[PDB]
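Novice: Submitted below is the structure of interest, expressed as structure tokens.
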Amino acid sequence: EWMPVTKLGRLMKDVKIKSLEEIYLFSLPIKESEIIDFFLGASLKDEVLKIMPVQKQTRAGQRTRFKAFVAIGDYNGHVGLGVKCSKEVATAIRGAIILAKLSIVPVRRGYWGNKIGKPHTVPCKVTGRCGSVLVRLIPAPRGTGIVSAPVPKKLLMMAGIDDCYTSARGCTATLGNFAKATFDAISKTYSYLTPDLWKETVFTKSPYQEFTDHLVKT
Amino acid sequence: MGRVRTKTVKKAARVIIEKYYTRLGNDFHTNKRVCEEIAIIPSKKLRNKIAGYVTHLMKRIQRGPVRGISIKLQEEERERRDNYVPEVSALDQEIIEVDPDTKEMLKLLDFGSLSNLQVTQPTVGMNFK
Amino acid sequence: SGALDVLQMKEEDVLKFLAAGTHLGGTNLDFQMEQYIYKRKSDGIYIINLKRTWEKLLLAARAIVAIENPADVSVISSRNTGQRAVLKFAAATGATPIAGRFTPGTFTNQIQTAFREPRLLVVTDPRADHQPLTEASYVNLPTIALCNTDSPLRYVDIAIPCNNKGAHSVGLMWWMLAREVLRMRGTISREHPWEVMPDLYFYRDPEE
Amino acid sequence: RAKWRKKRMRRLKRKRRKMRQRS
Amino acid sequence: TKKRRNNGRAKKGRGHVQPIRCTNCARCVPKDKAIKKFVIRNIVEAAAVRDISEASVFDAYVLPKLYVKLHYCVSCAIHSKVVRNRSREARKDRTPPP
Amino acid sequence: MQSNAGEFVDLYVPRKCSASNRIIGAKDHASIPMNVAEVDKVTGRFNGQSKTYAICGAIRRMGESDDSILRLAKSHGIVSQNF
Amino acid sequence: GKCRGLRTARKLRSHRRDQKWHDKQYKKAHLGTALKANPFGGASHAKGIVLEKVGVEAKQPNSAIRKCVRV
Amino acid sequence: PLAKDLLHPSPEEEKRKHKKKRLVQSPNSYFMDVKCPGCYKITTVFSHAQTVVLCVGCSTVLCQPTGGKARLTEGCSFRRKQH
Amino acid sequence: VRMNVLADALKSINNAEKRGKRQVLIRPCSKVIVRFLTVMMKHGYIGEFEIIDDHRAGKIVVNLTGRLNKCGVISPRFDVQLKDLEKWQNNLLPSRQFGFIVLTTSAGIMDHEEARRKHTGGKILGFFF
RNA sequence: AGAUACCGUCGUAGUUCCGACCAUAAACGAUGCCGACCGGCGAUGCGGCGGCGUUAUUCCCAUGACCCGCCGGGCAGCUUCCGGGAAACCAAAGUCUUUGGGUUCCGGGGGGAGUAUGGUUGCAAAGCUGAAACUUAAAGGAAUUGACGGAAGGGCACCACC
Ligand SMILES: [Zn+2]
């Protein structure tokens, strides 16, 4: 099965850190993929955004490598987006998922402007861009559904974001860019100094301190 | 007359001299027989090409330790050379130079230590453009 | 930094510093480094506030001692001047030293000939002991550098303003820094000279 | 080429002006 | 694009500099763009210096040097092999070669 | 940040810097928590407790990590000695 | 890079009344010479007799003889 | 984070700025007295003179305006900044 | 030259907040600018500031705080007929939940939430969030 | 092969000068004006200032010439993930979905075209203003891998030469 090469994996396999929260507060790197599958194997539903074949010239027959775009989500507050290239579409589609699980980031869902019930939309107007694709997320009232192209209508949905207006920049044809941007925006919810925040945080002894007494074991 | 012995020979020979450094010598004929006893060399030729590098490599190690192998009888020589301890000479016994502004840092630290005074403020030469 | 006979600056320590020329810096001042330069005399070389060095050298000591396990801190040196010293620091403290060429990717690249995940870097020189300063960004690593008056202060948490060009200056402070990180944990009454001299940490070629 | 084309078309106009002297 | 931030010229903050004819084919390049060389050479180059010492009337003679300031057009320069193309990172450095 | 009943429906509260009050993101990697021990100030021995700090990954790239640890240490009574 | 003033409403307006003419999708649909050269009078359909029956080839990539009429 | 006081800077950084860029601007010149060589009628004279001054007590020139600061012909008592 | 002396001051702090400084100085001063920053300080978006005085103009120093995200200015000074106010705070703000827009008014300078209670309008100045 | 071309000997207009026309150039930094802000560094030009020594004088002195720094305004340079951008690159091409300092000119796929006509300036060459019919699915920018070079740098082969 799974004997780890990381301290986190050492500390994780033994049930000693319970949730991605404690992994996300200190923004520890996720160096193995089994960490998330131990926390989130259920509802980690795979999908394949596209399989784009790219070709590199050569003096011999022009070579071909395929690309696999896979997002991962739970409709409850996490989203990933992985890419990969290889000379066989079976490993590219297998490798994309693993790289997609590693890039999993938390998303914050807020209210449109009335503060009763479960969160249902992006907190505030967030945006991102890679390769000129500029996906804006604009808060929406409860019970509207998502409004966007089929590509980021998925990335947003896997976050559990029920109702989010959006507006996109020109040149969205390339899923390598249009999916990357809409993933970049949802990562950017826990990056706003909102007036809801500003309550002084108290640093709470990153797992390596509290759990070094066992972690010196061999 | 000779060739580059590839990474097969160079890696094989470096481990031998790293594991049996005491049982080896200077002369090829001695080393040829030794290698067969301690290593299962598949081919007659390469055994005489491994034994070739070993005797060439010993001619290296007697002439200033080199950067390839780890020898315990040579390493212990280093640790005696890296743990040497004379009577303290870092203390700089009495009056030792301090530049004129250095004592002013000390008198601002309120230290009455004894040291030297020069004069150097007239500037007469420094960096080049 | 403190109020002790054993914590505040002692004449015995200051004679050590002036002996090995820790106060002479270089000919340049980096804008992050102005807060540790007393004045510039007329030959064109900078004088370091040895007291300000003490606070930082005591602050850096307070950083290391907080680490629960001695092995969790990786002390790294990539100049031939201080290679022997950092070996001695781990010997008298219990650190995991790194002398010689820094294999790029010892903190990343899981599948590694040499792999560590430490909790604190201690780099001799920010300029020439380069890589660990940059591999201390891909995983969350605090940094402790004996910063000169010319070394950049990028990706460094604690800057001990000191001369580090000469062999004497670096050898001193590795002995000096080791003395402070040890004492706060307990080796002597603190009312004694520590029985190992700085020359043990000094650089020396075979010369009899 | 870009310029020599501009010389032909400048030459060609002078043909067109000149054959309005004929009427 | 932009191969060189200098455009190949050494002109910054002025109009046009006087043009100096090439000292091989006589191509009219401006004094900035041209590749300037200053070769000092003995008139009596080493293949014969001692053969002159034997036949010199004076006891102490130094065989005075020769001073010519050569200007090259870019085309006349590459062909004569004074300079050459360089890699897009090694292109940057401007210190004279050792 | 709240609910209809006022319950805090949120995954967590992300840590905040100690020199710019910026938010260390959940996938930032140059940003560190740091600990500075204490002494009893009568014998110098390690007095158990710890001083916590944080620095966003932007500051360390700009080189202002130490100048911010210092100002925090002067204010919190770790270093009090002046020039 | 803009007027953006508060008593400038005329210049923002006599600029856009001027630069609209470069939108060929608008120059055609608003200039009398575009519709004039249309064989239809702008109509959807148009009747007319057949005065011969001719065929016409196809472009380079694929060959054929498309059948047509000279209405 | 290069957090330094723009309100209370050293009385010696204020000379490391233009005549205008200081905290509260003030001229770099200073009104000075001169003892009028040979006589005891002591007159005022402005440090950055742009005009000569002639003394009935001297009948010879006193201050010579060169550049952007005056040069005095003969040394005299020079009070300063009584303003 | 300088035209919208409110605009330059806000860009001076906005560019200084982005870098991460604690204090910033702005070159001109005005009641329009002093009554501006007080609106922020009355919400806690900034620290506590000082107003250097001269005979010429005055130069404000502000003790910035890491709480404001962006501090824009909106020019020309438009109007807000209290029926367009809901359009403005939806195409110029991050969300309804937070962030305020400040608009001058016959009853002084005040952020838009004040305008709703006092049930008035007037020209608009800028915004922050 | 042709060579009304490159190459070489001649050679008119022209080149230079005084007095008027012409108003065009990759007239380029292919990068509007004015105003503010955000990193360091070593130098360069001019002005003023503070400086310890030297050198010109017999005297600080007037003043040069060196040597250390500061301040303003310039021509520009090195480095950095501040930050932009399609990227090559940029302390501006930054402060741009978190868009609004003030103001001028100008572009809307490529071709027909800077053509026809009309107006206007010009002694002439021409300049300024300036369409449509029709045609076409791509024109076009930066980087990446190859191929190719009558492109340079190393090196090997009698299916290559000496
Ligand atoms: Zn030539």
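A note on labels: chains of the structure tokens are A, B, ... as shown, every chain counts residues from 1, and ligands are counted from 1 in their shown order.
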Can you tell me which residues come within 9 Å of ligand 1 when counting only C-alpha atoms (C1' of nucleotides) and all ligand atoms, ideally as an mmCIF file with C-alpha atoms, in the first residue's frame?
Specialist:
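Ended up saving to out.cif:
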```
data_model
loop_
_atom_site.group_PDB
_atom_site.id
_atom_site.type_symbol
_atom_site.label_atom_id
_atom_site.label_comp_id
_atom_site.auth_asym_id
_atom_site.auth_seq_id
_atom_site.Cartn_x
_atom_site.Cartn_y
_atom_site.Cartn_z
ATOM 1 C CA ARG E 21 33.460 55.936 -44.724
ATOM 2 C CA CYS E 22 34.482 52.245 -44.225
ATOM 3 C CA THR E 23 38.276 51.546 -44.319
ATOM 4 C CA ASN E 24 37.938 48.618 -46.727
ATOM 5 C CA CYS E 25 35.039 49.082 -49.242
ATOM 6 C CA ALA E 26 34.183 52.773 -48.437
ATOM 7 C CA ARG E 27 30.572 52.263 -47.271
ATOM 8 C CA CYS E 28 29.201 55.354 -45.555
ATOM 9 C CA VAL E 29 28.392 54.315 -41.987
ATOM 10 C CA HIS E 71 36.972 52.030 -39.117
ATOM 11 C CA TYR E 72 34.944 49.107 -40.469
ATOM 12 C CA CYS E 73 31.452 48.940 -41.892
ATOM 13 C CA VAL E 74 29.340 46.126 -40.484
ATOM 14 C CA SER E 75 29.396 44.158 -43.739
ATOM 15 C CA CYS E 76 33.114 44.741 -44.334
ATOM 16 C CA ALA E 77 33.741 43.744 -40.711
#
```
Novice: Give me, as a PDB file with C-alpha atoms, in the first residue's frame, the residues of chain F touching chain I, with the criterion being at most 7 Å (counting only C-alpha atoms).
Specialist:
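The result, written out as iface.pdb:
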```pdb
ATOM      1  CA  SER F  20       1.302  43.953   6.979  1.00  0.00           C
ATOM      2  CA  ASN F  21      -1.869  42.208   8.264  1.00  0.00           C
ATOM      3  CA  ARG F  22      -1.965  40.515   4.860  1.00  0.00           C
TER       4      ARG F  22
END
```
Novice: What are the residues of chain J that have an atom within 9 Å of an atom of chain C, counting only C-alpha atoms (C1' of nucleotides), as a PDB file with N, CA, C and O atoms (P, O5', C5', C4', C3', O3' and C1' of nucleotides), in the first residue's frame?
Specialist:
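Output file part-v9.pdb is given in full below:
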```pdb
ATOM      1  P     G J  40      15.274  52.990  -3.394  1.00  0.00           P
ATOM      2  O5'   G J  40      16.116  51.812  -2.743  1.00  0.00           O
ATOM      3  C5'   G J  40      17.509  51.961  -2.552  1.00  0.00           C
ATOM      4  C4'   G J  40      18.270  50.730  -2.962  1.00  0.00           C
ATOM      5  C3'   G J  40      19.648  50.988  -3.534  1.00  0.00           C
ATOM      6  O3'   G J  40      20.616  51.226  -2.531  1.00  0.00           O
ATOM      7  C1'   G J  40      18.508  49.457  -4.910  1.00  0.00           C
ATOM      8  P     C J  41      21.525  52.546  -2.599  1.00  0.00           P
ATOM      9  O5'   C J  41      22.672  52.136  -3.619  1.00  0.00           O
ATOM     10  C5'   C J  41      23.291  50.864  -3.510  1.00  0.00           C
ATOM     11  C4'   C J  41      23.945  50.444  -4.799  1.00  0.00           C
ATOM     12  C3'   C J  41      24.912  51.436  -5.408  1.00  0.00           C
ATOM     13  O3'   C J  41      26.173  51.408  -4.770  1.00  0.00           O
ATOM     14  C1'   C J  41      23.517  50.535  -7.092  1.00  0.00           C
ATOM     15  P     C J  68      37.221  59.762  -4.770  1.00  0.00           P
ATOM     16  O5'   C J  68      36.527  60.139  -3.390  1.00  0.00           O
ATOM     17  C5'   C J  68      36.873  59.422  -2.220  1.00  0.00           C
ATOM     18  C4'   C J  68      36.180  59.949  -0.994  1.00  0.00           C
ATOM     19  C3'   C J  68      34.666  59.923  -1.005  1.00  0.00           C
ATOM     20  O3'   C J  68      34.138  58.639  -0.727  1.00  0.00           O
ATOM     21  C1'   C J  68      35.425  61.995  -0.159  1.00  0.00           C
TER      22        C J  68
END
```
Novice: Counting only C-alpha atoms, which residues of chain I fall within 12 Å of chain A, and what is the closest atom pair for each with its distance in Å at one decimal, ordered by chain and rising number, as a Markdown table?
Specialist:
```
| residue | atom | partner | partner_atom | distance |
| --- | --- | --- | --- | --- |
| I:43 | CA | A:195 | CA | 9.8 |
| I:44 | CA | A:195 | CA | 9.6 |
| I:45 | CA | A:195 | CA | 8.9 |
| I:65 | CA | A:198 | CA | 10.9 |
| I:66 | CA | A:193 | CA | 8.3 |
| I:67 | CA | A:193 | CA | 6.2 |
| I:68 | CA | A:193 | CA | 7.3 |
| I:69 | CA | A:193 | CA | 6.8 |
| I:70 | CA | A:193 | CA | 10.5 |
| I:90 | CA | A:138 | CA | 10.0 |
| I:91 | CA | A:138 | CA | 10.2 |
| I:92 | CA | A:125 | CA | 10.3 |
| I:93 | CA | A:125 | CA | 8.2 |
| I:94 | CA | A:125 | CA | 5.0 |
| I:95 | CA | A:124 | CA | 5.3 |
| I:96 | CA | A:113 | CA | 5.7 |
| I:97 | CA | A:113 | CA | 5.5 |
| I:98 | CA | A:195 | CA | 6.5 |
| I:99 | CA | A:195 | CA | 8.0 |
| I:100 | CA | A:195 | CA | 11.1 |
| I:128 | CA | A:195 | CA | 11.8 |
| I:129 | CA | A:194 | CA | 8.3 |
```
Novice: For the selection just defined, write its residues with N, CA, C and O atoms to a file, as a PDB file, in the first residue's frame.
Specialist:
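selection-v8.pdb written:
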```
ATOM      1  N   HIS I  43     -14.282  54.440  10.202  1.00  0.00           N
ATOM      2  CA  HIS I  43     -14.587  53.034   9.973  1.00  0.00           C
ATOM      3  C   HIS I  43     -13.457  52.100  10.380  1.00  0.00           C
ATOM      4  O   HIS I  43     -13.641  50.880  10.337  1.00  0.00           O
ATOM      5  N   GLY I  44     -12.305  52.633  10.766  1.00  0.00           N
ATOM      6  CA  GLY I  44     -11.177  51.810  11.137  1.00  0.00           C
ATOM      7  C   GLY I  44     -10.327  51.327   9.988  1.00  0.00           C
ATOM      8  O   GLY I  44      -9.428  50.508  10.208  1.00  0.00           O
ATOM      9  N   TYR I  45     -10.580  51.801   8.769  1.00  0.00           N
ATOM     10  CA  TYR I  45      -9.788  51.372   7.624  1.00  0.00           C
ATOM     11  C   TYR I  45      -8.341  51.827   7.696  1.00  0.00           C
ATOM     12  O   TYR I  45      -7.485  51.207   7.061  1.00  0.00           O
ATOM     13  N   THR I  65      -2.668  51.317   7.836  1.00  0.00           N
ATOM     14  CA  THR I  65      -2.917  50.052   8.503  1.00  0.00           C
ATOM     15  C   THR I  65      -3.279  49.031   7.441  1.00  0.00           C
ATOM     16  O   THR I  65      -3.864  49.381   6.412  1.00  0.00           O
ATOM     17  N   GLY I  66      -2.929  47.774   7.681  1.00  0.00           N
ATOM     18  CA  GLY I  66      -3.238  46.738   6.720  1.00  0.00           C
ATOM     19  C   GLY I  66      -4.678  46.286   6.797  1.00  0.00           C
ATOM     20  O   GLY I  66      -4.956  45.147   7.180  1.00  0.00           O
ATOM     21  N   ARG I  67      -5.609  47.170   6.452  1.00  0.00           N
ATOM     22  CA  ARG I  67      -7.020  46.813   6.415  1.00  0.00           C
ATOM     23  C   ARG I  67      -7.728  47.208   5.133  1.00  0.00           C
ATOM     24  O   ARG I  67      -8.708  46.547   4.772  1.00  0.00           O
ATOM     25  N   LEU I  68      -7.278  48.242   4.432  1.00  0.00           N
ATOM     26  CA  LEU I  68      -7.925  48.675   3.206  1.00  0.00           C
ATOM     27  C   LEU I  68      -7.280  47.973   2.025  1.00  0.00           C
ATOM     28  O   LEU I  68      -6.069  47.738   2.013  1.00  0.00           O
ATOM     29  N   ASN I  69      -8.098  47.633   1.036  1.00  0.00           N
ATOM     30  CA  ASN I  69      -7.619  46.910  -0.131  1.00  0.00           C
ATOM     31  C   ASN I  69      -7.294  47.858  -1.278  1.00  0.00           C
ATOM     32  O   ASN I  69      -6.202  47.794  -1.847  1.00  0.00           O
ATOM     33  N   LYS I  70      -8.221  48.748  -1.623  1.00  0.00           N
ATOM     34  CA  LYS I  70      -7.956  49.759  -2.632  1.00  0.00           C
ATOM     35  C   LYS I  70      -8.755  51.009  -2.300  1.00  0.00           C
ATOM     36  O   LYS I  70      -9.877  50.930  -1.797  1.00  0.00           O
ATOM     37  N   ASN I  90     -23.197  48.917  -7.235  1.00  0.00           N
ATOM     38  CA  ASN I  90     -23.173  47.575  -7.804  1.00  0.00           C
ATOM     39  C   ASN I  90     -22.237  47.439  -8.996  1.00  0.00           C
ATOM     40  O   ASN I  90     -21.863  46.315  -9.343  1.00  0.00           O
ATOM     41  N   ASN I  91     -21.852  48.539  -9.637  1.00  0.00           N
ATOM     42  CA  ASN I  91     -20.842  48.491 -10.684  1.00  0.00           C
ATOM     43  C   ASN I  91     -19.545  49.167 -10.273  1.00  0.00           C
ATOM     44  O   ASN I  91     -18.708  49.452 -11.133  1.00  0.00           O
ATOM     45  N   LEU I  92     -19.365  49.448  -8.983  1.00  0.00           N
ATOM     46  CA  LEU I  92     -18.167  50.126  -8.514  1.00  0.00           C
ATOM     47  C   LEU I  92     -17.657  49.568  -7.188  1.00  0.00           C
ATOM     48  O   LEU I  92     -16.655  50.060  -6.664  1.00  0.00           O
ATOM     49  N   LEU I  93     -18.280  48.528  -6.660  1.00  0.00           N
ATOM     50  CA  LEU I  93     -17.963  47.998  -5.346  1.00  0.00           C
ATOM     51  C   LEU I  93     -17.771  46.493  -5.410  1.00  0.00           C
ATOM     52  O   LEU I  93     -18.264  45.833  -6.331  1.00  0.00           O
ATOM     53  N   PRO I  94     -17.049  45.918  -4.446  1.00  0.00           N
ATOM     54  CA  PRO I  94     -16.886  44.461  -4.452  1.00  0.00           C
ATOM     55  C   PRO I  94     -18.158  43.719  -4.097  1.00  0.00           C
ATOM     56  O   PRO I  94     -18.445  42.682  -4.703  1.00  0.00           O
ATOM     57  N   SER I  95     -18.926  44.206  -3.130  1.00  0.00           N
ATOM     58  CA  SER I  95     -20.181  43.557  -2.775  1.00  0.00           C
ATOM     59  C   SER I  95     -21.002  44.507  -1.923  1.00  0.00           C
ATOM     60  O   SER I  95     -20.521  45.546  -1.469  1.00  0.00           O
ATOM     61  N   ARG I  96     -22.259  44.129  -1.715  1.00  0.00           N
ATOM     62  CA  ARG I  96     -23.131  44.886  -0.835  1.00  0.00           C
ATOM     63  C   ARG I  96     -22.750  44.730   0.627  1.00  0.00           C
ATOM     64  O   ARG I  96     -22.964  45.658   1.412  1.00  0.00           O
ATOM     65  N   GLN I  97     -22.186  43.583   1.003  1.00  0.00           N
ATOM     66  CA  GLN I  97     -21.921  43.296   2.406  1.00  0.00           C
ATOM     67  C   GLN I  97     -20.916  44.256   3.029  1.00  0.00           C
ATOM     68  O   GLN I  97     -21.015  44.543   4.226  1.00  0.00           O
ATOM     69  N   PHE I  98     -19.962  44.764   2.257  1.00  0.00           N
ATOM     70  CA  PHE I  98     -18.926  45.621   2.813  1.00  0.00           C
ATOM     71  C   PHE I  98     -18.505  46.638   1.763  1.00  0.00           C
ATOM     72  O   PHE I  98     -19.012  46.649   0.639  1.00  0.00           O
ATOM     73  N   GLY I  99     -17.583  47.509   2.153  1.00  0.00           N
ATOM     74  CA  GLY I  99     -17.118  48.549   1.262  1.00  0.00           C
ATOM     75  C   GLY I  99     -18.122  49.674   1.176  1.00  0.00           C
ATOM     76  O   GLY I  99     -19.326  49.423   1.094  1.00  0.00           O
ATOM     77  N   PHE I 100     -17.648  50.916   1.189  1.00  0.00           N
ATOM     78  CA  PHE I 100     -18.516  52.082   1.169  1.00  0.00           C
ATOM     79  C   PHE I 100     -18.007  53.067   0.132  1.00  0.00           C
ATOM     80  O   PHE I 100     -16.815  53.102  -0.174  1.00  0.00           O
ATOM     81  N   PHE I 128     -13.779  53.294  -1.384  1.00  0.00           N
ATOM     82  CA  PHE I 128     -12.778  52.410  -0.810  1.00  0.00           C
ATOM     83  C   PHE I 128     -13.453  51.105  -0.428  1.00  0.00           C
ATOM     84  O   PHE I 128     -14.675  51.039  -0.280  1.00  0.00           O
ATOM     85  N   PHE I 129     -12.646  50.065  -0.271  1.00  0.00           N
ATOM     86  CA  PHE I 129     -13.161  48.775   0.165  1.00  0.00           C
ATOM     87  C   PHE I 129     -12.034  47.834   0.575  1.00  0.00           C
ATOM     88  O   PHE I 129     -10.906  47.981   0.118  1.00  0.00           O
TER      89      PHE I 129
END
```
Novice: Using only C-alpha atoms and a cut-off of 9 Å, which residues of chain A sit close to chain C? Please list them as a ChimeraX atom specification.
Specialist: /A:5-7,26-29,31-32,208-209,212-213,216
Novice: Do me a favour and pick out the residues of chain H within 9 Å of chain F, using only C-alpha atoms, as a PyMOL selection string.
Specialist: chain H and resi 1-3
Novice: Based on the selection just made, write C-alpha atoms of those residues as a PDB file, in the first residue's frame.
Specialist:
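Saved to out_24.pdb:
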```pdb
ATOM      1  CA  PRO H   1       8.663  46.991   5.853  1.00  0.00           C
ATOM      2  CA  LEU H   2      10.719  50.161   5.527  1.00  0.00           C
ATOM      3  CA  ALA H   3       8.379  51.529   8.201  1.00  0.00           C
TER       4      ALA H   3
END
```
Novice: Quick one: residues within 8 Å of range 154-170 of chain A, only C-alpha atoms (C1' of nucleotides) counted, chain neighbours fewer than 2 positions away excluded, as number ranges by chain?
Specialist: A: 71-79, 107, 109, 120-122, 132-148, 150-152, 172, 179, 182-183, 186
Novice: Work out how far apart CA of residue 10 in chain G and CA of residue 76 in chain I are and give it in Å to one decimal.
Specialist: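 Atom-to-atom, CA of residue 10 in chain G to CA of residue 76 in chain I, that is 15.6 Å.
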Novice: Among chain G, which ones does DSSP place in alpha helix (DSSP H), written as an NGL selection string?
Specialist: :G and (11-19 or 24-30 or 32-36)
Novice: Contacts from chain H to chain I, 9 Å maximum, only C-alpha atoms: show me the residue list as a CSV table (one decimal) with C-alpha atoms, in the first residue's frame.
Specialist:
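part07.csv was written with the following content:
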```csv
chain,number,residue,atom,x,y,z
H,1,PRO,CA,8.7,47.0,5.9
H,2,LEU,CA,10.7,50.2,5.5
H,3,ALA,CA,8.4,51.5,8.2
H,4,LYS,CA,10.2,54.7,9.4
H,5,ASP,CA,8.9,57.9,10.9
H,6,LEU,CA,8.4,60.7,8.4
H,7,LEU,CA,7.4,62.9,11.3
H,23,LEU,CA,9.6,68.6,6.8
H,24,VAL,CA,8.9,72.3,7.0
H,25,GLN,CA,10.9,74.2,4.4
```
Novice: When you look at residue 44 in chain H with a cut-off of 9 Å (counting only C-alpha atoms (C1' of nucleotides)), what residues show up, excluding the ones that are within fewer than 3 positions of it in the same chain? I need them as JSON, numbers by chain.
Specialist: {"H": [31, 32, 33, 34]}
Novice: Please produce, as a tab-separated table, a per-residue contact table for chain J versus chain H (criterion: any atom at most 9 Å away, only C-alpha atoms (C1' of nucleotides) considered), showing the nearest atom pair and its distance in Å to one decimal, sorted by chain then residue number.
Specialist:
```
residue	atom	partner	partner_atom	distance
J:47	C1'	H:67	CA	8.0
J:48	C1'	H:68	CA	5.8
J:70	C1'	H:16	CA	6.1
J:71	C1'	H:18	CA	5.2
J:72	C1'	H:18	CA	7.3
```
Novice: Give me the residues of range 35-124 of chain B that have any atom at most 12 Å from an atom of range 167-188 of chain C; for each, the nearest atom pair and the distance in Å, rounded to one decimal. Use only C-alpha atoms, sort by chain and number, and format it as a tab-separated table.
Specialist:
```
residue	atom	partner	partner_atom	distance
B:89	CA	C:168	CA	10.8
B:90	CA	C:168	CA	8.0
B:91	CA	C:172	CA	10.7
B:92	CA	C:168	CA	11.8
```
Novice: Give me a file of those residues, with C-alpha atoms, as a PDB file, in the first residue's frame.
Specialist:
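File out-v4.pdb, as written:
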```pdb
ATOM      1  CA  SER B  89      45.903  32.646  19.813  1.00  0.00           C
ATOM      2  CA  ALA B  90      42.500  34.154  18.981  1.00  0.00           C
ATOM      3  CA  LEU B  91      42.588  36.215  22.181  1.00  0.00           C
ATOM      4  CA  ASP B  92      45.126  38.693  20.772  1.00  0.00           C
TER       5      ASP B  92
END
```
Novice: Counting only C-alpha atoms (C1' of nucleotides), which residues of chain J come no farther than 8 Å from chain G, as an MDAnalysis selection string?
Specialist: chainID J and resid 100 103 108 132:133
Novice: Do you know which residues are at most 10 Å from residue 106 in chain B counting only C-alpha atoms (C1' of nucleotides), after dropping those on the same chain fewer than 6 positions away, and could you put them as a ChimeraX atom specification?
Specialist: /B:112-113 /C:14,49-51
Novice: For chain J, which residues have at least one atom within 12 Å of chain D, if we go by only C-alpha atoms (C1' of nucleotides)? Write them as a list in words, please.
Specialist: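 Per the criterion, chain J yields residues 113, 114, 115, 116, 125 and 126 of chain J.
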Novice: Do you know which residues are at most 12 Å from residue 13 in chain F counting only C-alpha atoms (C1' of nucleotides), after dropping those on the same chain fewer than 5 positions away, and could you put them as a count of residues only?
Specialist: 26
Novice: Which chain J residues are at most 10 Å from chain I (counting only C-alpha atoms (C1' of nucleotides)), as a PyMOL selection string?
Specialist: chain J and resi 34-38+82+95+98-102
Novice: Emit the selected residues as a PDB file, in the first residue's frame, including C-alpha atoms (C1' of nucleotides).
Specialist:
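Contents of again00.pdb, freshly written:
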```
ATOM      1  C1'   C J  34       1.904  68.334 -18.628  1.00  0.00           C
ATOM      2  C1'   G J  35       1.381  66.387 -12.991  1.00  0.00           C
ATOM      3  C1'   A J  36       1.856  62.573  -8.709  1.00  0.00           C
ATOM      4  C1'   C J  37       3.703  57.847  -6.636  1.00  0.00           C
ATOM      5  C1'   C J  38       6.358  52.791  -6.223  1.00  0.00           C
ATOM      6  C1'   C J  82       7.182  45.731  -6.951  1.00  0.00           C
ATOM      7  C1'   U J  95      -0.180  52.255 -10.382  1.00  0.00           C
ATOM      8  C1'   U J  98      -9.673  46.103  -7.264  1.00  0.00           C
ATOM      9  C1'   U J  99     -11.110  49.674 -14.384  1.00  0.00           C
ATOM     10  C1'   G J 100     -12.546  57.393 -13.802  1.00  0.00           C
ATOM     11  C1'   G J 101      -5.432  63.074 -12.899  1.00  0.00           C
ATOM     12  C1'   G J 102      -6.416  66.708 -16.890  1.00  0.00           C
TER      13        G J 102
END
```
